[PDB]
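Below is upload-v9.cif, holding mmCIF, C-alpha atoms.
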```cif
data_query
loop_
_atom_site.group_PDB
_atom_site.id
_atom_site.type_symbol
_atom_site.label_atom_id
_atom_site.label_comp_id
_atom_site.auth_asym_id
_atom_site.auth_seq_id
_atom_site.Cartn_x
_atom_site.Cartn_y
_atom_site.Cartn_z
ATOM 1 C CA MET A 1 -2.609 24.977 70.906
ATOM 2 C CA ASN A 2 -2.292 26.614 67.544
ATOM 3 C CA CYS A 3 -0.782 25.863 64.202
ATOM 4 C CA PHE A 4 2.634 27.104 65.157
ATOM 5 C CA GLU A 5 2.685 25.071 68.351
ATOM 6 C CA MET A 6 1.579 22.066 66.484
ATOM 7 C CA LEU A 7 4.443 22.580 64.029
ATOM 8 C CA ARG A 8 6.986 23.251 66.713
ATOM 9 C CA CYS A 9 5.883 20.041 68.393
ATOM 10 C CA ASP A 10 6.470 17.973 65.265
ATOM 11 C CA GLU A 11 9.567 19.617 63.827
ATOM 12 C CA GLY A 12 11.391 20.284 67.018
ATOM 13 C CA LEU A 13 14.419 22.591 66.821
ATOM 14 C CA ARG A 14 17.925 21.936 65.578
ATOM 15 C CA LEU A 15 20.660 24.521 65.183
ATOM 16 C CA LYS A 16 22.796 22.221 62.977
ATOM 17 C CA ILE A 17 22.014 20.624 59.670
ATOM 18 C CA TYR A 18 20.299 17.233 59.876
ATOM 19 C CA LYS A 19 18.150 15.015 57.684
ATOM 20 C CA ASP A 20 14.381 14.805 58.209
ATOM 21 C CA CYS A 21 12.344 11.645 57.925
ATOM 22 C CA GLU A 22 12.153 12.376 54.161
ATOM 23 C CA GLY A 23 15.961 12.128 54.088
ATOM 24 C CA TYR A 24 16.557 15.803 53.260
ATOM 25 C CA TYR A 25 19.011 18.263 54.851
ATOM 26 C CA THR A 26 16.981 20.439 57.055
ATOM 27 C CA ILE A 27 17.651 22.922 59.868
ATOM 28 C CA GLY A 28 16.034 24.967 62.695
ATOM 29 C CA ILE A 29 12.286 24.290 62.950
ATOM 30 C CA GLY A 30 11.609 22.102 59.840
ATOM 31 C CA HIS A 31 13.538 24.321 57.488
ATOM 32 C CA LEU A 32 14.297 22.409 54.298
ATOM 33 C CA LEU A 33 17.624 23.407 52.836
ATOM 34 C CA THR A 34 17.933 21.149 49.776
ATOM 35 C CA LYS A 35 16.493 18.077 48.088
ATOM 36 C CA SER A 36 20.030 17.451 46.891
ATOM 37 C CA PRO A 37 22.006 14.652 48.460
ATOM 38 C CA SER A 38 25.041 16.887 49.022
ATOM 39 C CA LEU A 39 25.967 18.536 52.271
ATOM 40 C CA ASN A 40 27.866 21.082 50.413
ATOM 41 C CA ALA A 41 24.726 22.176 48.563
ATOM 42 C CA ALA A 42 22.748 22.379 51.828
ATOM 43 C CA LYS A 43 25.617 24.348 53.310
ATOM 44 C CA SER A 44 25.471 26.778 50.469
ATOM 45 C CA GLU A 45 21.779 27.045 50.713
ATOM 46 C CA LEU A 46 22.091 27.694 54.386
ATOM 47 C CA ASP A 47 24.338 30.689 54.013
ATOM 48 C CA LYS A 48 22.236 32.043 51.162
ATOM 49 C CA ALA A 49 19.039 31.755 53.244
ATOM 50 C CA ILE A 50 20.799 33.255 56.287
ATOM 51 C CA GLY A 51 22.801 35.949 54.600
ATOM 52 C CA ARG A 52 25.911 35.194 56.515
ATOM 53 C CA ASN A 53 28.631 32.559 56.813
ATOM 54 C CA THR A 54 27.014 30.200 59.273
ATOM 55 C CA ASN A 55 29.439 27.442 58.721
ATOM 56 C CA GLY A 56 26.584 24.981 59.396
ATOM 57 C CA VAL A 57 25.090 26.341 62.515
ATOM 58 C CA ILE A 58 22.439 28.985 63.141
ATOM 59 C CA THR A 59 21.021 30.769 66.069
ATOM 60 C CA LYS A 60 17.792 30.183 67.814
ATOM 61 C CA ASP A 61 16.378 33.470 66.547
ATOM 62 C CA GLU A 62 17.577 32.813 63.123
ATOM 63 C CA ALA A 63 15.528 29.599 63.238
ATOM 64 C CA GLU A 64 12.575 31.498 64.471
ATOM 65 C CA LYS A 65 12.888 33.870 61.543
ATOM 66 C CA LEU A 66 13.045 31.088 59.001
ATOM 67 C CA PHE A 67 10.086 29.432 60.670
ATOM 68 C CA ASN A 68 7.855 32.489 60.355
ATOM 69 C CA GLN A 69 8.731 32.746 56.754
ATOM 70 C CA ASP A 70 8.113 29.030 56.200
ATOM 71 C CA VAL A 71 4.738 29.109 57.851
ATOM 72 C CA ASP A 72 3.838 32.147 55.689
ATOM 73 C CA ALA A 73 4.915 30.288 52.661
ATOM 74 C CA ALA A 74 2.651 27.255 53.587
ATOM 75 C CA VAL A 75 -0.396 29.499 54.106
ATOM 76 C CA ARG A 76 0.388 31.280 50.885
ATOM 77 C CA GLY A 77 0.533 28.106 48.757
ATOM 78 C CA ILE A 78 -2.682 26.776 50.172
ATOM 79 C CA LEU A 79 -4.585 29.967 49.449
ATOM 80 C CA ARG A 80 -3.381 30.129 45.980
ATOM 81 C CA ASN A 81 -3.863 26.478 45.186
ATOM 82 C CA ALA A 82 -7.180 25.640 43.660
ATOM 83 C CA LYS A 83 -6.946 22.101 45.000
ATOM 84 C CA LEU A 84 -6.121 23.224 48.559
ATOM 85 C CA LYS A 85 -7.934 26.505 49.165
ATOM 86 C CA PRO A 86 -11.486 25.093 49.174
ATOM 87 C CA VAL A 87 -10.424 22.264 51.437
ATOM 88 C CA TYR A 88 -8.840 24.732 53.739
ATOM 89 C CA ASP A 89 -11.795 27.041 53.802
ATOM 90 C CA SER A 90 -14.150 24.183 54.635
ATOM 91 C CA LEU A 91 -12.262 22.832 57.615
ATOM 92 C CA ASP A 92 -12.513 23.765 61.225
ATOM 93 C CA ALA A 93 -9.621 25.506 63.008
ATOM 94 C CA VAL A 94 -7.926 22.480 64.351
ATOM 95 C CA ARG A 95 -8.131 20.551 61.062
ATOM 96 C CA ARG A 96 -6.824 23.581 59.191
ATOM 97 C CA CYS A 97 -3.735 23.342 61.257
ATOM 98 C CA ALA A 98 -3.284 19.727 60.154
ATOM 99 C CA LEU A 99 -3.491 20.856 56.521
ATOM 100 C CA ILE A 100 -0.899 23.518 57.050
ATOM 101 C CA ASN A 101 1.276 20.947 58.715
ATOM 102 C CA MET A 102 1.202 18.699 55.589
ATOM 103 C CA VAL A 103 1.880 21.663 53.290
ATOM 104 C CA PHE A 104 4.771 22.899 55.416
ATOM 105 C CA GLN A 105 6.288 19.527 55.353
ATOM 106 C CA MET A 106 5.722 18.346 51.818
ATOM 107 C CA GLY A 107 4.847 21.382 49.848
ATOM 108 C CA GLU A 108 1.844 22.576 48.006
ATOM 109 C CA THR A 109 2.290 20.203 45.001
ATOM 110 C CA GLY A 110 2.861 17.205 47.196
ATOM 111 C CA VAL A 111 -0.373 17.580 49.189
ATOM 112 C CA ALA A 112 -2.273 18.599 46.140
ATOM 113 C CA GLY A 113 -1.566 15.101 44.925
ATOM 114 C CA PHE A 114 -3.687 13.445 47.691
ATOM 115 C CA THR A 115 -6.764 13.881 45.584
ATOM 116 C CA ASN A 116 -9.086 11.394 47.325
ATOM 117 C CA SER A 117 -8.162 12.341 50.855
ATOM 118 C CA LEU A 118 -8.679 15.984 49.970
ATOM 119 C CA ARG A 119 -12.096 15.207 48.736
ATOM 120 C CA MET A 120 -12.942 13.117 51.723
ATOM 121 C CA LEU A 121 -11.882 15.807 54.147
ATOM 122 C CA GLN A 122 -13.912 18.317 52.318
ATOM 123 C CA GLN A 123 -16.938 16.094 52.602
ATOM 124 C CA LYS A 124 -16.333 15.440 56.264
ATOM 125 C CA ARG A 125 -15.627 11.752 55.730
ATOM 126 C CA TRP A 126 -12.961 11.749 58.483
ATOM 127 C CA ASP A 127 -12.428 8.034 58.850
ATOM 128 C CA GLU A 128 -12.250 7.569 55.106
ATOM 129 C CA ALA A 129 -9.751 10.389 54.865
ATOM 130 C CA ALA A 130 -7.645 8.820 57.603
ATOM 131 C CA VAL A 131 -7.468 5.410 56.029
ATOM 132 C CA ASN A 132 -6.504 6.969 52.788
ATOM 133 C CA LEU A 133 -3.712 9.103 54.192
ATOM 134 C CA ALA A 134 -2.215 6.130 55.948
ATOM 135 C CA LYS A 135 -1.731 4.468 52.523
ATOM 136 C CA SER A 136 0.874 7.007 51.445
ATOM 137 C CA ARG A 137 4.669 6.756 51.322
ATOM 138 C CA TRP A 138 4.666 9.832 53.489
ATOM 139 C CA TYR A 139 3.168 7.626 56.322
ATOM 140 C CA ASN A 140 5.725 4.916 55.839
ATOM 141 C CA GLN A 141 8.578 7.360 55.939
ATOM 142 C CA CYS A 142 7.398 9.592 58.874
ATOM 143 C CA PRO A 143 4.916 7.317 60.786
ATOM 144 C CA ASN A 144 5.081 9.027 64.118
ATOM 145 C CA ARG A 145 4.507 12.437 62.682
ATOM 146 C CA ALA A 146 1.987 11.182 60.091
ATOM 147 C CA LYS A 147 -0.013 9.336 62.753
ATOM 148 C CA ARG A 148 -0.165 12.456 64.771
ATOM 149 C CA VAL A 149 -1.387 14.541 61.811
ATOM 150 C CA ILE A 150 -3.787 11.892 60.832
ATOM 151 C CA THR A 151 -5.297 11.516 64.226
ATOM 152 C CA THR A 152 -5.973 15.212 64.143
ATOM 153 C CA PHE A 153 -7.921 15.011 60.888
ATOM 154 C CA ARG A 154 -9.869 12.066 62.187
ATOM 155 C CA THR A 155 -10.758 13.554 65.477
ATOM 156 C CA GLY A 156 -10.614 17.196 65.043
ATOM 157 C CA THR A 157 -9.149 17.520 68.607
ATOM 158 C CA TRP A 158 -5.595 18.198 69.828
ATOM 159 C CA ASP A 159 -5.354 14.809 71.556
ATOM 160 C CA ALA A 160 -2.241 13.831 69.641
ATOM 161 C CA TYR A 161 -0.370 16.882 70.830
ATOM 162 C CA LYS A 162 -1.624 16.837 74.367
ATOM 163 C CA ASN A 163 1.791 16.046 75.963
ATOM 164 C CA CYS A 164 3.764 18.328 73.735
#
```
As C-alpha cells, please, write out the structure in this file.
Amino acid sequence: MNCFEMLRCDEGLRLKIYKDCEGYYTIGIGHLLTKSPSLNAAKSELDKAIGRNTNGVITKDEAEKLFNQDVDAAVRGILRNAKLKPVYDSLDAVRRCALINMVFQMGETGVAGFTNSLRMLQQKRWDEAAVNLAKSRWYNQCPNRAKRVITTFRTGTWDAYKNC
C-alpha cells in the first residue's frame, strides 16, 4: 500500500458534489471545492478547476487529474513548511503517508497547528502522539477516518487499511 492507496481508501470517489465530514463541498477523490456554504460557489469553483461546464458532475479521469494535483500540493506544503518538513523527514515510509493524509485533508496550516503531536511524532513517542491527536475537533468530526490515520501513526503498519 502506498500514500495514494491510503488516500483513495479514505476519500473514496464521487463524481458529484458532496460534503465531507468537515461539512465542505468536495468532489472526486477528496477534492475540496470551497469552504463557502454555497453550492453555487462550489459549482463555480468546479468549472474553474475543470475548465469546462461540468454542471456539477465530473469524469473519473478528471477526478484522477485533480487527485494527482492535490497530492502534489500536499507534498509541496509539507516540504516548504518549517513545522512539517522536519517531522516528515524523520518519519518512516508508512508514517509519512499518514502525515500526507492529514495535510491533504486539512491543509498545511491546519496540521501545523498540532504542535505537541508533531513534536511527539518527531520524538517517536507514538502513544503520546496518538492520545493527543484524538483530542482534536478533527477526530470528533471525522472519527472513522481519524482513527484510521491515528492507528497508523501509533503502529507504523498498514493494519487499518488492510481490508481496503
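Here CA of residue 76 in chain A and CA of residue 164 in chain A stand 26.5 Å from one another.
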Please provide as a ChimeraX atom specification all residues within 8 Å of range 17-23 of chain A, with the sequence filter that same-chain residues fewer than 6 positions apart are discarded (counting all atoms listed in the file). /A:30,56-57,138,141-142
Which residue, A:58, A:118, A:98, A:131, has the smallest gap to residue 82 in chain A when you use only C-alpha atoms? A:118
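Proximity to range 84-88 of chain A at 7 Å, evaluated using all atoms listed in the file and with sequence-adjacent residues fewer than 4 positions away removed, yields residues 78, 79, 80, 96, 112, 118 and 122 of chain A.
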How big is the axis-aligned box around the listed atoms of range 129-134 of chain A once 5 Å is added on each side, and where is its centre? Give both in Å to one decimal, as lines of an AutoDock Vina configuration file.
```
center_x = -6.0
center_y = 7.9
center_z = 55.2
size_x = 17.5
size_y = 15.0
size_z = 14.8
```
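Proximity of A:153, A:126, A:139, A:4 to residue 70 in chain A, computed with all atoms listed in the file, is greatest for A:4.
Between CA of residue 119 in chain A and CA of residue 93 in chain A there is a distance of 17.8 Å.
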Would you write out, as a PyMOL selection string, every residue that the PyMOL selection byres ((chain A and resi 162) around 12) captures in this file? chain A and resi 1-2+5-6+9+148+152+157-161+163-164
Residue 128 in chain A environment, 12 Å, only C-alpha atoms, sequence neighbours closer than 3 positions dropped, as a ChimeraX atom specification: /A:116-125,131-135,150,153-154
Extract, using only C-alpha atoms, all DNA, RNA and protein residues at most 12 Å from residue 38 in chain A, discarding same-chain residues fewer than 2 positions from it, and format them as a PyMOL selection string. chain A and resi 17-19+23-26+33-36+40-45
